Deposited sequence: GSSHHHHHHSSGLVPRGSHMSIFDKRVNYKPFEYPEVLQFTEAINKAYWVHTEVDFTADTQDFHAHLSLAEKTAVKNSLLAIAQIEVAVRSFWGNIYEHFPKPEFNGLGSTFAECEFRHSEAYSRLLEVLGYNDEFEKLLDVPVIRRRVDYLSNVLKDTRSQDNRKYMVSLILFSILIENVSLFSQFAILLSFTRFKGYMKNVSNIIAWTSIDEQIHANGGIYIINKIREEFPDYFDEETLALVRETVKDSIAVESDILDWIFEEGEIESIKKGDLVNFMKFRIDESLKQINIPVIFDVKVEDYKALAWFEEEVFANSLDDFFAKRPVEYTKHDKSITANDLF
């Protein structure tokens, strides 16, 4: 089975894994390629306080997940002891380190390290953490039935929902205003990697073939409250909170179908890619 340890390296029992690692390989990128001087000039002079807050809080919401020690992918070999899944996890774990460094830099160049330190003082961020830490309680569980339960939640929200909300907000400043072009480059490259991390999760879930889908509907409530915190200074004009909820509803449905004025998102991602 997939939970049994195969000793020989090749042939790969699941050769489709290379499609996900090679996609990460071809999309390889680091934050040191990008210069944020123009974005700081656009930020300082041409963005309203409600627009500054939307950029600040969206990046803080992204950093809450991205700026952390990521250990799920780097340990799937402990649960799927195959050489191809150790490489799948290795490639995703490295990519998450490039992500954590990129949003650690953005927090530094925009001067938001202090707010990131005390981020749990925000009640709604504290609500997403209490949510996330509990629903993913069995990511390290030796029980192979509730570890699967973790990979479902990990792939459709951590990789598909809990971040693409803030990706579209930041990309809207480049789409409709032509601002934050370099930050949107980091955002476009990140969302591409998270799309591959989601498909890799979806791919595995289909290979292991109630508690799930009404656990994930609980996140739409907390993710909607996060948008209230992101737009606490007022709704900006490039995007609206109501459309982002439907964008969140669209992505969850297509995630489960394989196991909208925000249709421009995919087009905007490849333009800034």
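Gaps in the model, given as deposited-sequence positions counted from residue 1: Missing C-alpha atoms (numbering from 1) occur across the ranges 1-20, 230-241, 292-304, 319-343.
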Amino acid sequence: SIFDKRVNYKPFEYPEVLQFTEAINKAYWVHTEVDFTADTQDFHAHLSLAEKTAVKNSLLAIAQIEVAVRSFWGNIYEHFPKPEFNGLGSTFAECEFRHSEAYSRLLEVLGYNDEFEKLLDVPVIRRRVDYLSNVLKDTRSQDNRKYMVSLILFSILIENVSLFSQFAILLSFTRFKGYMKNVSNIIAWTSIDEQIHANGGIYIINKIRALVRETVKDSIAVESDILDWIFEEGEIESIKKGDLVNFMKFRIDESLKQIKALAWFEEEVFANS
From here on, numbers count along this sequence of modelled residues.
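57-65 or 38-46, whichever carries the higher mean Cα B-factor: Higher mean C-alpha B-factor in the PDB entry: 38-46.
Mean C-alpha B-factor comparison - 237-245 and 66-74, higher one: Mean CA B-factor is higher for 237-245.
Residue with highest C-alpha B-factor in the PDB entry, from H31, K26, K207, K52: Going by the entry's C-alpha B-factors, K207 comes out highest.
Among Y9, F20, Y14, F265 - the residue whose C-alpha B-factor is largest in the record: Largest recorded C-alpha B-factor: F265.
Ranked against its chain, the third holding the CA B-factor of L227: Tercile = middle for this residue's CA B-factor.
Among modelled residues of the same chain, the CA temperature factor third for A102: Lowest third, going by the recorded CA B-factors of the chain.
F176 - Cα temperature factor, lowest/middle/highest third of chain: Highest third of the chain for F176's C-alpha B-factor.
Within-chain third of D193 by Cα B-factor, per the entry: According to the entry, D193 has a C-alpha B-factor in the chain's lowest third.
Cα B factor band for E96 (lowest, middle or highest third within the chain): Its C-alpha B-factor belongs to the lowest third of this chain's values.
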